[PDB]
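A note on names: the letters A, B, ... follow the listed sequences, proteins ahead of strands, and every chain is numbered from 1. Hydrogens, waters and symmetry mates are skipped; everything else that's a heavy atom, side chains included, is used.
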Amino acid sequence: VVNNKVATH
Amino acid sequence: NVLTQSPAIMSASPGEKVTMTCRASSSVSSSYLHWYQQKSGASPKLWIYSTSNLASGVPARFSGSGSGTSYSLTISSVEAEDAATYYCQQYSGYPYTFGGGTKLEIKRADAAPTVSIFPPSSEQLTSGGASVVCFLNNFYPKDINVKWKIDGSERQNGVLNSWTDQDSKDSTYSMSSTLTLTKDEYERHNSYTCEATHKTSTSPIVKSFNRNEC
Amino acid sequence: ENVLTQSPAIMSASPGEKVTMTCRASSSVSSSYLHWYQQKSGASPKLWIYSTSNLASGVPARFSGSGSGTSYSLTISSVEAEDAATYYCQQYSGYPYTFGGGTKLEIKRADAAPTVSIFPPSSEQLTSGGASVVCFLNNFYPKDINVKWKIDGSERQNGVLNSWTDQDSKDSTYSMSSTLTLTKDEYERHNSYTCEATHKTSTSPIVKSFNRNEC
Amino acid sequence: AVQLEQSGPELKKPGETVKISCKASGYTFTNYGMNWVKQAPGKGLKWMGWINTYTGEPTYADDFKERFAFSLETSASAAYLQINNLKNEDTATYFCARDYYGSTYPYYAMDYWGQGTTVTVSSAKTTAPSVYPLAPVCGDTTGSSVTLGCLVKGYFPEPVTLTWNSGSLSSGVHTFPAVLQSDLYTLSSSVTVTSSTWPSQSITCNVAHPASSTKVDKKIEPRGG
Amino acid sequence: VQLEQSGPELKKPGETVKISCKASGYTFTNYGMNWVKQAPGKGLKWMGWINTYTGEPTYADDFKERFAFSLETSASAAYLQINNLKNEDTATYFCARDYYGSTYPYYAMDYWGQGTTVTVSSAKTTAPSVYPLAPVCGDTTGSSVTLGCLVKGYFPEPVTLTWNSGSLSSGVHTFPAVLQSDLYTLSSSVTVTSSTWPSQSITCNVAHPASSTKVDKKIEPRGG
């Protein structure tokens with residue numbers, strides 16, 4: 001659940 | 001990152017173009033600068049996101065622009081329904097901050113209130129209190145004065161006033177004024193008068209009743 | 001940026017030994033964001049330990065890490081020959097990522113004498129006017145070994161180039177190549193060529209020679 | 001259908017604890033952060049922080065790092081705001097608001113908002129309103145229209161709900177913001193209808209005060225004397 | 001999962017070079033790609049990273065503005081371009097993928113390319129001379145015999161050296177090259193059972209791509 005260091009909220 | 005909005009309050013006639021500003025103390029990515037609309041107490045609605053993008057259902061008369069520390073929201077031709085408070089919001093790392101808001105008031109032609117006067121109910125009187133109520137409805141501008149007379153004499157004390165927010169459809173305001181007396185005080189007099197005057201006129205609209213007759 | 005300093009720059013350990021190397025940061029790093037890499041001779045670094053103390057996949061259970069704030073460490077519970085590598089710490093605390101300068105881990109083992117081989121120049125080289133005399137000193141330990149060249153029984157220092165392999169990952173030895181380069185003209189003014197391998201703590205060399213005039 | 005449905009108004013004493021819920025529907029609860037926003041009476045919006053609904057990790061804004069707790073019950077798609085050791089300054093409306101996302105990344109905006117939860121911090125008792133009809137003397141007509149009203153006097157805490165004929169009368173209504181009279185709230189509402197509507201047809205103001213569990217119907221009657 | 005980089009490059013100062021990093025075994029656009037520099041015999045330096053989903057590069061402050069990260073996402077490839085090459089750019093460059101936990105980024109790098117060596121130099125390319133190393137007269141050394149290959153006088157690095165196409169790999173020492181008078185020299189030793197040589201042939205294979213040289217030297221015993 002991480003895309004280019006952006007994690008799910 | 002503090003957001004400063006100006007003007008705090010602005011007034012516009014329908015059809016006019018308006019622009020309100022949001023300035024930040026430090027840079028905000030255009031991606032992360034947003035606008036919300038809120039009408040009196042109800043939940044804020046996302047209005048513009050990432051500077052310039054209109055949320056679903058937002059009319060095309062709205063736009064946003066800006067970059068760095070200077071952003072704005074524009075309405076090409078103001079409508080009555082635009083009467084609201086608009087808040088900008090940023091993220092540039094946490095916390096989210098909001099600006100202090102711009103309240104948009106709508107200007108319209110002057111309108112006299114529809115004035116109605118009401119005696120204390122028989123219910124209230126049973127309890128030893130007496131509230132004489134006067135509604136001043138759908139007038140413009142908000143600046144109305146009410147003067148109460150008992151037995152044809154001005155009474156200044158015991159009066160409480162409340163105003164509606166600006167009407168979303170017709171841009172008028174309404175006001176309720178209540179003179180509270182004791183039941184005994186109320187029953188020591190006969191005539192009750194409420195008078196509505198605009199700040200710039202010396203002709204009132206008057207409504208009265210008498211305790212003794214229809 | 002957050003500069004990482006690793007200590008000691010070079011560590012030596014015998015297999016089975018428990019050792020600890022350190023990583024010191026200029027400013028506090030989250031234990032989540034302090035990592036370790038292993039790099040061996042001629043290869044890509046491999047993530048070894050991540051978020052202070054978690055072993056990457058395939059990393060032996062003899063490795064561990066601890067630390068907090070500005071002070072971190074990697075421990076090897078029981079050193080093995082295959083651990084000969086350079087270990088780098090790496091942090092994030094905002095950008096940029098920085099790496100420490102590395103700790104080179106050398107494995108100690110039993111002394112081993114080199115297998116020494118001497119080679120004359122090829123006729124191919126001589127015909128082009130050059131004469132490289134080569135000596136291999138293979139699979140020795142410790143790494144500190146000295147090569148001496150003798151021509152006609154007499155020591156010669158100039159014209160010698162030396163190269164060492166990195167430590168062997170299986171047997172923990174080193175190998176060395178030594179080449180003495182003369183002109184063909186100088187080569188053919190002499191008869192005997194000797195390379196002598198000597199440990200600095202020993203009187204007894206290992207010598208190999210050949211002669212130009214006979215087998 | 002995306003909805004954030006919040007719990008009803010609360011009255012609590014200073015030093016007590018309040019816990020407000022935000023029940024989410026119509027989307028995967030755990031894929032969007034839940035934000036909390038405070039709005040003190042007559043003031044602006046203030047972001048309190050957010051909770052990560054996938055991990056449960058709460059993040060508090062610098063002014064809310066004390067007595068404030070965000071939590072989840074993910075099986076119920078619910079988010080909670082708990083405030084401990086209540087102060088009078090905690091009197092405000094609290095909104096939960098969902099993260100706005102693009103196709104992949106957050107915009108760090110809030111797209112769906114709950115209806116809000118009003119918290120009142122006070123040691124005062126609950127007072128149910130008195131409800132009085134407002135009608136012109138003797139039903140005296142005022143041309144083609146008649147205005148009636150409802151006086152809702154002496155209640156605490158806010159809110160009250162006022163309707164006319166159960167909400168079937170919605171046009172031509174003005175409900176006035178409450179004022180503080182004798183340390184309690186008083187409000188009024190007006191309704192305007194055509195002369196041919198009233199008194200020939202029934203007009204009743206309905207007043208609900210949830211704090212006191214009261215619901216009052218007051219029929220507006222013409223009265224003389 | 002693997003990151004495969006393009007081959008070694010030799011460039012003059014002021015030229016440009018573009019290095020590729022091809023990813024396999026995962027969704028390319030889910031993981032950031034990092035670039036790391038290692039000058040010869042030195043440590044590691046992070047150059048910055050590129051967001052594979054958005055294309056947005058982030059450059060470390062020592063790597064602005066001759067350096068360019070780009071993508072070809074339809075090819076799952078990340079590129080590093082270095083413009084106006086300087087001698088200081090002589091290094092091995094690695095691509096390295098972001099490492100993420102199940103829940104948050106770790107700001108580590110889990111998979112690494114094999115590295116690309118860039119030499120920046122005005123020196124001209126020189127082919128190696130490859131020489132056989134055999135004991136005089138094939139004089140034996142007991143049960144094993146050590147042979148070798150001398151790879152002399154080349155620039156730039158690298159050369160590739162194998163023995164019998166690389167089918168002979170046990171008991172090999174290929175020695176690190178040493179720089180002398182603008183030129184590198186390398187040697188390799190191979191040690192085999194004495195009975196197997198010269199009956200079974202041993203040949204060193206040396207390629208030096210920079211000079212388009214590919215030579216093979218069969219090791220034979222020679223007299224006197």
Side-chain angles (χ1 to χ4, degrees), chain A, chain E residues 1-3 21-36 46-61 63 67-80 94-113:
Chain A
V1 284
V2 180
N3 179 312
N4 281 269
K5 300 185 185 59
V6 186
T8 187
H9 284 207
Chain E
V1 173
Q2 53 191 329
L3 303 188
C21 172
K22 332 283 205 68
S24 284
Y26 72 99
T27 292
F28 178 74
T29 56
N30 287 338
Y31 300 82
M33 192 59 79
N34 297 263
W35 288 98
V36 175
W46 187 75
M47 299 169 69
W49 72 289
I50 187 163
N51 186 313
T52 51
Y53 190 77
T54 72
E56 195 181 304
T58 296
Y59 300 104
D61 290 322
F63 298 91
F67 300 84
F69 312 148
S70 57
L71 310 169
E72 194 189 351
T73 70
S74 57
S76 316
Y79 305 86
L80 166 67
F94 296 99
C95 62
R97 184 186 90 159
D98 274 356
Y99 182 39
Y100 310 143
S102 52
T103 266
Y104 51 75
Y106 282 126
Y107 302 91
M109 289 156 287
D110 57 3
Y111 291 95
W112 294 62

*Quick one: does A:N4's side chain have a donor or acceptor within less than 3.5 Å of a partner on E:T29's backbone?*
yes
*asked:* Using a 3.5 Å distance criterion without hydrogens, assess whether the side chain of E:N30 forms a donor-acceptor pair with backbone atoms of A:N3.
replied: no
*Kindly give the heavy-atom pair with the smallest separation between A:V1 and E:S102, and that separation in Å.*
CG2-O, 2.8 Å
_Closest non-hydrogen atom pair, A:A7 against E:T103_ = CB-O, 3.1 Å
For [X], is it the side chain, the backbone, both or neither that has a heavy atom under 4.5 Å from a heavy atom of chain A?
{"X": "E:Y106", "result": "neither"}
{"X": "E:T52", "result": "both"}
{"X": "E:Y53", "result": "both"}

_Show, in sequence, the C-alpha distance, side-chain angles and deciding distance for A:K5 and E:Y104, and conclude whether the side chain to side chain contact (heavy atoms under 4.5 Å, CB included) test is met._
CA-CA 7 Å; A:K5 300 185 185 59; E:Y104 51 75; over 6 Å; no
